[PDB]
Amino acid sequence: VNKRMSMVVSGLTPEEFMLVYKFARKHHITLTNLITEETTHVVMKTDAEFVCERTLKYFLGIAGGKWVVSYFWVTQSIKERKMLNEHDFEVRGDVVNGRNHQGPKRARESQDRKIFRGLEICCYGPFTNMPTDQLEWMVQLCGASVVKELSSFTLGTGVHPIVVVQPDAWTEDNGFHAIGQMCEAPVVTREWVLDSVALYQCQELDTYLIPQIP
Amino acid sequence: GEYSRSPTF
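See the structure below:
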C-alpha cells in the first residue's frame, strides 16, 4: 500500500472551502478539517506571489515537512479543467518572516537534520489562539523533546533546555520574569518557535530572550 | 452563521 492524499485547508472563508470540498469530491481526494500525521497537503490562502498569513495549520504543515501550496492551485484547476501540478504553487513566504524565504521548501529537504534536534523544550502555559498540545506536537515534529514541567528537565552537559512562554497570554500575573529563579534554562517568547519554524532554521535566542529577575 | 476567523499570527 502507498500513502494517500489527505488535506487540510487554512485561512479560507467557508465559501472558498465549499469550492474546495466540491473539488475534493470530484477528484476523490481525502479532505479533513483537522491536521494529522496522515495529512499530506496543506492549502494556504496566498497572494499572486504565493505569500500567506501565519496560521496554526501553516506552522504544523512546515513542521511535518508536508506540502504547503497556494489556494490558487484549486482555482487554476477549475480554469483549465485539468489537475495541474501543485509543486508549481508552493508558497514562497509569509507576511511576517519574508516574501521569499523558501521555508516550506527547505522544511521538506531537511527531515534528516531537524531544526530543534538535541533540544528539550517546555511550553510553559498559558497560551492563546494555539492549544498547548499542538505546539508541543509542533516541536516534536521538528525533533525537539517535549517537557511537561520545569522540574522534569534532564541534568547534563549535553542537554540544551529551553523554556518557551507567551507574554500576551499572561493577564493575572507578571510571573514569566521569575522563571529564571526556578530553573537553569533560557526563557524565550513563543515567537522564537514560530520564526524558527517558518524559516525552518534555528534562530538565535538573543533577540527572543525574556528579561529575568535574579 | 457566524464565522470564527482562523487564528493568524
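Chains as they are written, first to last, in the deposited numbering: chain A, 1646 to 1859; chain I, 401 to 409. We put the CB at the ideal spot given by N, CA and C, even for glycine.
Margin query: If distances are taken between C-alpha atoms only, which option among A:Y1769, A:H1805, A:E1694 comes closest to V1736 of chain A?
Written below: Stepping through the first sequence from its first residue, residue 1736 of chain A is reached at position 91. For the residues A:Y1769, A:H1805, A:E1694, the minimum Cα distance to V1736 of chain A belongs to A:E1694.
Note to self: So, with DSSP's three-state summary, where would you put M1689 of chain A?
What the structure shows: By 1-based counting over the first sequence, the position of residue 1689 of chain A is 44. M1689 of chain A: strand per DSSP, three-state reduction.
Item checked: CB contact below 8 Å: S406 of chain I versus chain A -> Residue 406 of chain I sits at position 6 when you count from the first residue of the second sequence. So, interface residue.
Notebook entry, point to check: Roughly how many whole angstroms lie between the Cα atoms of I1760 of chain A and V1842 of chain A?
Noted result: Here residue 1760 of chain A corresponds to residue number 115 of the first sequence, with the count starting at 1. Here residue 1842 of chain A corresponds to residue number 197 of the first sequence, with the count starting at 1. Each residue's Cα considered, the two are about 8 Å apart.
Note to self: Is there a C-beta anywhere in chain I that falls below 8 Å from the one on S1655 of chain A?
What the structure shows: In the first sequence, residue 1655 of chain A corresponds to position 10, counting from 1. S1655 of chain A counts as touching chain I.
Next item on the list: On a CA-only basis, which of A:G1801, A:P1856, A:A1830, A:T1834 is nearest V1810 of chain A? Give me that one, please.
Entry: Walking along the first sequence from the start, residue 1810 of chain A turns up at place 165. Out of A:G1801, A:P1856, A:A1830, A:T1834, A:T1834 has the C-alpha closest to the C-alpha of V1810 of chain A.
Next item on the list: Determine the direct distance from the alpha carbon of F1717 of chain A to that of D1733 of chain A, and round the result to whole angstroms.
Entry: Taking the first residue of the first sequence as position 1, residue 1733 of chain A is located at position 88. Taking the first residue of the first sequence as position 1, residue 1717 of chain A is located at position 72. Near 10 Å, if we compare the C-alpha coordinates of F1717 of chain A and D1733 of chain A.
Next item on the list: Verify the CB distance criterion: does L1839 of chain A have a CB-CB separation below 8 Å to chain I?
Entry: On the first sequence, residue 1839 of chain A is found 194 positions in, with the first residue counted as 1. By this cut-off, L1839 of chain A is an interface position.
Note to self: Out of A:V1653, A:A1823, A:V1804, which one is the CA nearest neighbour of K1690 of chain A?
What the structure shows: Looking up residue 1690 of chain A in the first sequence gives position 45. Taking only the C-alpha atoms, the option nearest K1690 of chain A is A:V1653.
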